[PDB]
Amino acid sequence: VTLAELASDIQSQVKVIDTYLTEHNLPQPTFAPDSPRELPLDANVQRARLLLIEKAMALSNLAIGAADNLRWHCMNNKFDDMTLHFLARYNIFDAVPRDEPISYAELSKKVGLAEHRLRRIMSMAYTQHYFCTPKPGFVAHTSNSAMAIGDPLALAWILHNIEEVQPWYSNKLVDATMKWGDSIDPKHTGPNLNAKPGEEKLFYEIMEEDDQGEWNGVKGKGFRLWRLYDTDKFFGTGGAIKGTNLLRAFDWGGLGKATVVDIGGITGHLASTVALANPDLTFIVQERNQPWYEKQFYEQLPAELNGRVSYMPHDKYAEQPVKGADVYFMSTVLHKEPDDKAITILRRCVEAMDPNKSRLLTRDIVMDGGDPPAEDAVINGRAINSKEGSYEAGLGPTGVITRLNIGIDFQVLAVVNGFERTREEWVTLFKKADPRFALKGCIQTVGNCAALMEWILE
């Protein structure tokens, strides 16, 4: 591919998006804080968007050239993370007013970062379109920075990656690989590289047991796990894997009066999303208890739910105490479970299921991709705006959704030696748990990286 070929492809993708926004009288995305944070969910818009990102990243890569890419990368990449580290730890998103500029001098006093160093930090952020300088000596928000205003969940995601995953796990993953090999054992991780055998600590042990800190209303024991739960909510409120996309990948309203068992449902934010939109559903959120869990669980659930979402302490490997429920639901649980642990969980579910009335629903990454929601299946436009070679838009070796999938694949690899699966690996795994399992649906909305898979016992 050449520079001109990529630039020509990019124009094709923009025409699709630009036309849709104009024909529907929808605001254009910009870098202003008032910009829309997402493009429309229309499948053709999203397919064009995903290819546009892929082509645009390739264009910048090709124009930088082979000589400068590795050179520039090792110099700059790590400092985009450190810039977000400064912005989070110094609470700079909240200190910069959303709709009006602020001078470096005033911002320096508000956050307690010396002005000279503050200017250097902000200048790096500008290059990735986080904040801008509208006039000399002044800082203003952009769309990318304004989304984090007043949102501790965004700050949780910054700090969890830069202060935990990266220094403790991903930076030591090479050493972990040469010491233990290609492992699926959560003990074979960074923090245990120099641990005496028997004294290893697991990632989730550190999360729930460390008490030397505080986070967003939780003081002492488990503050890291509470921050981890905040980052789980962060991916539910917006973006690729937003919770409301669940409503588009399964006919929740078709269940009528029904009970859903949310195995491993964190704090129930996902259950809360589906239940608010479906007044006839009951959700039992099953999760391991924590000293702060029950008080926080009930402070944050919307009161209009009238107790339809409730918390039941439960060990996911133990016998399922709710028998014959309409749906047993696991969201991004099994991608942290090797085959033998996942088969244990799936067999616990099968025991409680009525094969003629119960469904098993999982949201997980399907590495080779799920299917679009039926109405989006037929490609009504040009292939250049919906297909990269033989792969669906967003997939393939340089696909943007492929990239996000691998990023999550690496995330569970780093912390617990988990892994993502293909569709055939999922079907094989469920059939090992019980040969009666059959995949009736594998729905992945365009722009989403996770698929909602509905399993039944035939």
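From 1 onward, residues are counted along the sequence shown.
Looking at 195-203 and 69-77 together, the entry lists the larger mean B-factor for 195-203, computed on C-alpha atoms.
Relative to one another, 361-369 and 103-111 have unequal mean CA B-factors, and 103-111 is the one with the higher figure. The top Cα temperature factor in the record, among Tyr126, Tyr169, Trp157, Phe138, falls on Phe138. Between the residues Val165, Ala176, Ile266, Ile345, the entry's highest C-alpha temperature factor is the one at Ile266. Sort the chain's modelled residues by C-alpha temperature factor and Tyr130 lands in the lowest third, per the entry.
Among the modelled residues of its chain, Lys341 has a C-alpha B-factor that falls in the lowest third, as given in the PDB entry. For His85, the recorded CA temperature factor ranks within the lowest third of the chain's modelled residues. When all modelled residues of the chain are sorted by CA temperature factor, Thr189 is found within the lowest third.
Annotation for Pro29: CA B-factor lies in the middle third of the chain's modelled residues.
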